[PDB]
Amino acid sequence: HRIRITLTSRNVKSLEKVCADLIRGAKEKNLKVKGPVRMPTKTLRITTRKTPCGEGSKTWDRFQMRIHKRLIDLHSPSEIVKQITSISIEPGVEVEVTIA
Amino acid sequence: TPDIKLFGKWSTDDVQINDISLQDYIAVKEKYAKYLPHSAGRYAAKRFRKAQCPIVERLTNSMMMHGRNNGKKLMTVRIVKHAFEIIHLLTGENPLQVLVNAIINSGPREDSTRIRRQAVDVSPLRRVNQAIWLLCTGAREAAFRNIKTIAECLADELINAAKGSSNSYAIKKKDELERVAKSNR
Amino acid sequence: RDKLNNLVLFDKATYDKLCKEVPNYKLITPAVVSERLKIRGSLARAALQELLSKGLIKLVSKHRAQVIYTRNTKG
Amino acid sequence: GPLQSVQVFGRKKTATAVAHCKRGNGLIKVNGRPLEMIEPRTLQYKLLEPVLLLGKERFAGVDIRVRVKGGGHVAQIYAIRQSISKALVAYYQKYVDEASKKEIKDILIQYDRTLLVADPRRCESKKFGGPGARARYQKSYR
Amino acid sequence: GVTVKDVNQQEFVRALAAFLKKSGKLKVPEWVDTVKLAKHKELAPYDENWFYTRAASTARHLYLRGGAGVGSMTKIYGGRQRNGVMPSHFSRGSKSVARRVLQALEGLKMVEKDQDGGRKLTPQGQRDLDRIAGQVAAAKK
Amino acid sequence: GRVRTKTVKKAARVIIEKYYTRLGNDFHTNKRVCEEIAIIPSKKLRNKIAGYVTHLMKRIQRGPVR
Amino acid sequence: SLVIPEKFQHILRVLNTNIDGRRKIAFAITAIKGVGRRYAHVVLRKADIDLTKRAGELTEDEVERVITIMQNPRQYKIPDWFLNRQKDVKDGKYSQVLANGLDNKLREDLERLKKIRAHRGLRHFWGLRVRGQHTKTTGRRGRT
Amino acid sequence: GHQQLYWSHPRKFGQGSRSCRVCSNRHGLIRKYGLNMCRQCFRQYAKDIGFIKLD
RNA sequence: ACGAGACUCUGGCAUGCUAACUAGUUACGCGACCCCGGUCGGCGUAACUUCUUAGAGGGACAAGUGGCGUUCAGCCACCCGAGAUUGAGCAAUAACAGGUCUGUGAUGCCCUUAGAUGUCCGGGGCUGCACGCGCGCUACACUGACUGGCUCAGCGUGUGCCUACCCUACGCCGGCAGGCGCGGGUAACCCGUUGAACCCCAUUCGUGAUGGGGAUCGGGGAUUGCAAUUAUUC
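Residues numbered from 1 in each chain as written, not as in the entry; some residues may be left out. Chains lettered and ligands numbered in written order. Part of a larger assembly, values for the part shown. Heavy atoms only, no water.

Per the PDB record, this model was obtained through cryo-EM at a reported resolution of 3.7 Å.

The structure is reproduced here in structure tokens:
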């Protein structure tokens, strides 16, 4: 009965708006809801040379990936969440539902 | 004690500041009391934020020198705290008073500089900068390759500076610099 | 360069120059009594531990790096 | 009696020192070990400024259990200073008046502003082309 | 009454060395007299019963945090491997010199194994450890 | 070094030449006014634009401005 | 105890090798070849010999008690991994040399490398770096 | 005969057993995060895989 | 009109808002231990968001005063204040015979194209040494070295579509390198509460090329790889 839904994405506006819209479909049925846990963000780090060959002054780069993740728990059966996981999804957000 | 302060066991009071030229640049009494010669820092950002610093902390701020000992304030306070008793067990009086006569007597009045040299007067803050400096590198060679430890050499020189006995490094370099300025003056 | 030929162990006069003369100084540390009497620093510390059991010097600061001694209290 | 709970946090360069106060008697101990029993023990008088410039009577009705984590050696020593001095301020605000609390802030403002206002100094980022934040590598001519 | 946490740790690690003097039944190993503590060291220590000193530090470390195994003992007792010509790296302790202490303190019941591995202090070993915590504090008051 | 450019100054005159009665003297007052009578894209510019308005208000109450 | 005793020694000419008498015992033995610091402490441990004294108090008949361990550490339960010559090439005698055999065995492994025309030994003939060191930029003093 | 002497080296490790997928050379390879791509092929395609020079 | 600015990411303050059994705390209730109290990363629970983390917002503007300035643009000073200039990124017009055909299935043109400058397999070299030069590292000691003890972090990464190749706890064996058996981690979970050094405390040495220095070089032992001799490392 205790089902967990993962909300992970790259763009902050892409993940913040879909976490709250998935909350909006939860209170309408008025079920056992949990709030959004915000885990610390992972940042992939690549600093490499700018020049193709090894000529010139030495300049580097600042490539970043500030990826974010949110988990939401529910004491709800797998049936009624499958009516909410079919609506309000943007393709930049990665969702993996954890049944148990 | 919220009224008085003890520098470890050293009293805050009874240090008369002899020279009136430096008393506005010696922060040592009744507004500048600390139990440690160690604060968080912050004194070295503004132009004249160096004027109200406690002088014993200033010497430790200048003692962490020559590479390997930079960034090691934890042990130079362990040097001067040991060195303060060395002054007392030779004099019997306030060891901090000896420092007052040390920085007063080791600061050169006139100093030649690249202008042909014109000998000119110096600032009291420049003067307390040099007086604290010339002794701080003088003891740096006295313990260098010698059985006499750095705690004693730090304590031995300002003892020899408070009387101006001219056997310390800081006294010699003050009067020669006042004299080579007296050449092109 | 110049050899500082320090004494490894006392003589019968040097140690006798220690039982009376060291309690006359106002400053006693292993760095000056070893230099004033030409002994090693190891012998310097090992010349004052018995003086603690002899009671001819007073300890006011012992440390890892620095131990100092004096006379006793004048009375 | 009433649960007089104050848990004041105070940062440092990186160090996090959080208190938790209650109406107790005269005992002060950080992570269980007392404040004088923290090495290095050369900074022993640096953890008695709240004890000395205020007096012991301020802590007659105060026990404090301090949780500290993170930072360095000296960074912890400065984190555990501003985290308990601030803690007795809030305990003397929620439960007693501020006229008995401003008499222990005006003492705290003339000695050191680090005890109530933390340091906004943070270590600058090392750039490429230099061993430090401002230092660049040694240049070779010719 | 006070615990071990009320005592300065510098004059504690020889206090527990003194309680093992009346014991003499920890089955101390044979090669202790000719061994170095770790690969980052190059000499042997100075005290003869340094094995009565390093074992005396384990029980108070197992007081603070338990479930620590053989790999968690080499990290704490390690040190800076001063490589000489190269800049240094950190180096853990020897695996056996930690394994022979947690086998010395299994000979006499003073430590137990934690569930899912580890080494943690026993309550009856916390009985008499709070007796040497009194002999230090009552002597300095 | 705190010298304002044209977009700080050409805009602040449009705040005055059209909205005089809707402002006062205090900064945070007409800071909270200029957010609704002007779409400023950033927050730091929102403090920038209104900051010149209060300084020019210190002139209009004191004399005529060109 | 504290003063210089009788039967004082300044030089211990032991195994035809001069040993100064001014130092500590565990550090005066480093004068002999084949013994550094780590091998020196443990051999002083294989007999109940005091080492908080200098090299000028230790009595005569027990400096030979040092020596019976020196050339033969095997029968005094010293392991092989302490030895400077482990697994000797001819006999497999795990031994320890002390200032006599060390240079004596040293002019043998030269010719155990030189007669056989080995690449390791040929560099010892020329005097170059043999352990694979970059020779272009370093080692300038010895070669002119 | 032939086929046992053309690829008979163990090719499960080393830099002769790894290469770029875009540049197809053996220098400057970003073997981090399973990129498996050269550092000059990384620059032009930094936007296509998604990276941003944010700092 | 561009560039500067603005802008972005980060750094600092908000006991206000939103919530966390993979974040922490507060209690309560036992267990353990000392003389009601004391301690515990021992064990559960309901209230919390102080600390955990990151989402929105809010906060600084030369804003207020005092000089100074056309009294304009502005500058100096004070107070309140977590900030009275955090750091970087981006970065024009025109230009160089700057560099790269050794990043390319980016390429004009030229050489070669089967006895191949294509391709692969073996081994060697790119490490080679009279000499000069560049960036470096550890040092030249006593503020030290050496040996015990005590105690503090913050950035990252980890089982690979190919890929047969991971990060590691724990339990033993061995002085060490290392080895063997179980368990977890595709990760805020396990490693990891990341028990880092410097440090601090206490020994020992004592101005000696010494216990500073670790270059050179001999002997033994293990890992990786099919393969390390020109010593892969240890």
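Let's shift gears to the nonpolar core. One finds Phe-84, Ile-87 and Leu-154 of chain B to be the most contacted residues of the largest nonpolar core, which totals 43 residues. Sorting the residues of this core by element identifies α1 (55–63), α2 (73–91), α3 (95–105), α4 (124–142) and α5 (150–162) of chain B as the ones contributing at least two each. Leave out the neighbours within four places in its chain, and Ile-87 of chain B touches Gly-92, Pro-95, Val-98, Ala-155, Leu-158 and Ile-159 of chain B. Judged by nonpolar contacts, the second largest core, of 28 residues, contains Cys-21, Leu-54, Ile-80 and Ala-87 of chain D. (Core = buried A, V, L, I, M, F, W, Y, C linked by side-chain atoms within 4.5 Å. Buried < 20%, exposed > 50% of the residue type's maximum accessible area, 1.4 Å probe, protein only. Helix = DSSP H or I, 4+ residues; strand = E, 2+ residues; numbered from the N terminus. Contact = heavy atoms within 4.5 Å.)

On to the interface of chain A and chain H, then. On the side of chain H, 15 residues touch chain A, which itself brings 17 residues to the contact. Interface of chain A and chain H: buried area, both sides summed, is about 1,500 Å²; carbon and sulfur atoms make up 61% of it. Across the contact surface, chain A and chain H share three salt bridges. Across the pair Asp-61 of chain A and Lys-53 of chain H runs a salt bridge whose closest N-O atoms are separated by 3.5 Å. Taken together, the links from chain A to chain H amount to nine residue pairs in polar contact. Listing elements by their share of the side of chain A that touches chain H, those giving two or more residues are β3 (42–46) and β4 (63–74) of chain A. (Buried area = accessible area lost by both parts, 1.4 Å probe. Salt bridge = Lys/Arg side-chain N within 4 Å of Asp/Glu carboxyl O. Polar contact = N/O pair within 3.5 Å; in protein donor to acceptor, adjacent residues only side chain to side chain.)

Residues and elements named next belong to chain D. A cluster of nonpolar side chains, contributed by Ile-109, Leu-116 and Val-117, occupies part of the molecular surface with about 240 Å² of accessible area. Mapped onto the fold, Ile-109 is located in helix α4 (residues 106–111). Owing to a relative accessible area of 42%, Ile-109 belongs among the partly exposed residues under this scheme. (Patch = residues over 30% accessible without salt bridge, like charges linked within 9 Å, V, L, I, M, F, W, Y side chains within 5 Å. Areas by Shrake-Rupley, 256 points an atom, 1.4 Å probe, with all protein chains shown as cover.)

Below, the discussion takes up the environment of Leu-48 of chain D. Checked against the element boundaries, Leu-48 of chain D lands in the loop between β5 (33–34) and α1 (49–52). The sequence separation of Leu-48 of chain D and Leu-35 of chain D amounts to 13 residues, and the corresponding C-alpha distance is 8.7 Å.

We now examine the protein's contact with RNA strand I. Taken together, 197 residues lie around RNA strand I, and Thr-149 of chain B, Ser-94 and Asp-130 of chain E, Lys-58 of chain F together with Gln-86 of chain G are the ones closest in. When the atoms of RNA strand I within 4 Å of the protein are sorted by group, sugar and phosphate make up 71%. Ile-150 of chain B places a main-chain nitrogen or oxygen 2.6 Å from a phosphate oxygen of RNA strand I. When residues of the surface near RNA strand I are assigned to their parent elements, the largest contribution, 12 residues, is made by helix α3 (residues 43–60) of chain F. Counted by class, the surface near RNA strand I contains 54 nonpolar, 62 polar and 81 charged residues. (Near = heavy atom within 4 Å. Nonpolar A, V, L, I, M, F, W, Y, C, P; charged D, E, K, R; others polar.)

Right, let's get into unusual backbone geometry. It is generally the case that most residues other than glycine have a negative phi and that most peptide bonds are trans. Omega for the peptide link from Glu-39 of chain D to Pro-40 of chain D comes to 5 degrees, which places this bond in the cis form. Considering the arrangement of structural elements, one finds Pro-40 of chain D in the loop between β5 and α1. With a phi close to 40 degrees, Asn-16 of chain G is a non-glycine residue in the positive phi region. For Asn-16 of chain G, the position within the fold is in the segment before α1 (25–28).

Attention shifts here to the environment of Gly-16 of chain H. Checked against the element boundaries, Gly-16 of chain H lands in the segment before α1 (41–44). On the accessibility criterion, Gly-16 of chain H (44% relative accessible area) is partly exposed.

As a further point, take the packing of α4 of chain B against helix α6 (residues 169–183) of chain B. Residues and elements named next belong to chain B. Axis separation between α4 and α6 bottoms out at 8 Å; the angle between their running directions is 130 degrees. Classified by the angle between their axes, α4 and α6 sit oblique to one another. Taken as a pair, α4 and α6 cross one another with a handedness that is right-handed. Between α4 and α6, the contacting residues are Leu-134, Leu-135, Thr-137 and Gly-138 on the first element and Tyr-169, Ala-170, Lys-173 and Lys-174 on the second. (Axes fitted to C-alpha atoms, helices over the stretch in contact; angles between N-to-C directions. Parallel < 35°, antiparallel > 145°, perpendicular 65-115°, else oblique. Left-handed = near helix turned anticlockwise from the far one by under 90°.)

Moving on to the pattern of salt bridges. Within the structure shown, the criterion is met by 29 salt bridges over all chains. The residue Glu-176 of chain B makes a salt bridge to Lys-173 of chain B at a minimum N-O spacing of 3.2 Å. With a gap of three residues between them, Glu-176 of chain B and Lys-173 of chain B both fall in helix α6, about one helical turn apart. Of the residues examined, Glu-176 of chain B reaches a relative accessible area of 28% and is grouped as partly exposed. With a shortest N-O distance of 3.3 Å, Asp-114 of chain E and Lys-120 of chain E are connected by a salt bridge. Several salt bridges converge on common partners, so that one network encompasses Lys-46, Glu-49, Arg-81 and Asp-112 of chain D.

With that settled, consider helix α2 (residues 38–45) of chain G. Burial within α2 of chain G is extensive, with seven of its eight residues counted as buried. Every buried residue belonging to α2 of chain G is among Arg-38, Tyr-39, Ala-40, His-41, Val-42, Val-43 and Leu-44 of chain G, and all of these are buried.

Turning our eyes to something else, we now look at a negative patch on the surface. Residues and elements named next belong to chain B. On the surface, a cluster of negative charge is made up of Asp-3, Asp-13, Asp-14 and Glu-30. On the secondary structure map, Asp-14 appears in the loop between β2 (10–11) and α1. Classification of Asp-14 by relative accessible area gives partly exposed; the value is 49%. (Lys, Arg positive; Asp, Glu negative; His and termini not counted. Charge placed at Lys NZ, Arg CZ, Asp CG, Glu CD.)

Now for the pairing of strand β1 (residues 3–9) of chain A. Residue and element names in this part refer to chain A. Counting buried positions along β1 gives five out of seven residues, so the element sits mostly inside the fold. One ladder, built from seven bridges, connects β1 with β4; its direction is antiparallel. Along β4, the bridge assignment pairs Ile-5 with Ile-72. Two elements, β1 and strand β6 (residues 97–98), share two bridges in a ladder whose sense is antiparallel. (Pairing = 2+ DSSP bridges.)

This paragraph deals with the interface of chain C and chain G. Between chain C and chain G, the contact holds 11 residues from the first and six residues from the second. Surface buried jointly by chain C and chain G totals about 840 Å² across both partners, of which 71% is contributed by carbon and sulfur atoms. It is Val-8, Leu-9 and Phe-10 of chain C in chain C that bury the most area against chain G; as a group they hold 58% of the surface buried on that side. Its residues placed into classes, the side of chain C that touches chain G shows six nonpolar, one polar and four charged.

A separate point is the state of the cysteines. Under the defined criterion, the tally for this structure stands at one disulfide over all chains. Paired through a disulfide, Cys-23 of chain H and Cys-41 of chain H show a sulfur-sulfur distance of 2.0 Å. Disulfide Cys-23 of chain H to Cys-41 of chain H: torsion about the S-S bond roughly 115 degrees, handedness right-handed. Within this pair, whereas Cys-23 of chain H is found in the segment before α1, its partner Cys-41 of chain H is found in helix α1, the two being separated by 18 residues in sequence. Given a relative accessible area of 30%, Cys-23 of chain H falls into the partly exposed group. Its relative accessible area of 11% is what places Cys-41 of chain H among the buried residues. As a non-bridged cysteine, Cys-53 of chain A has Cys-38 of chain H as the owner of its nearest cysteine sulfur, 13 Å distant. We note that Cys-53 of chain B lacks a disulfide partner, and the nearest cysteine sulfur, in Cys-136 of chain B, lies 13 Å from it. (Disulfide = S-S within 2.5 Å.)

Moving on, we get to the packing of aromatic side chains. Scanning all chains against the criterion turns up 11 aromatic pairs over all chains. With centroids separated by 4.9 Å and ring planes inclined at 45 degrees, the aromatic side chains of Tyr-91 of chain D and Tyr-95 of chain D adopt a geometry described as tilted. A relative accessible area of 29% places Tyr-95 of chain D in the partly exposed class. Site record: aromatic cluster; members linked through ring pairs are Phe-63 of chain A together with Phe-42 and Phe-51 of chain H. Directly above the aromatic system of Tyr-43 of chain B lies the positively charged group of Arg-42 of chain B, at a separation of 4.2 Å from the ring centroid. (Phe/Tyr/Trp six-rings, centres within 6.5 Å; stacked < 30°, edge-to-face > 60°. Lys NZ or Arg CZ within 6 Å of the ring centre and 35° of its normal.)

Turning to helix α6 (residues 123–137) of chain E, a few remarks are in order. Each turn of an α-helix holds 3.6 residues, which means side chains three or four residues apart point in the same direction. A rise of 1.5 Å per residue sets the reference length of α6 of chain E, with its 15 residues, at 21 Å; its end C-alpha atoms lie 21 Å apart and thus fit the reference within 8%. Among the residues making up α6 of chain E, those that are buried are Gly-125, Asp-128, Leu-129, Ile-132, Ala-133, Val-136 and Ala-137 of chain E. (Expected span 1.5 Å × (residues − 1).)

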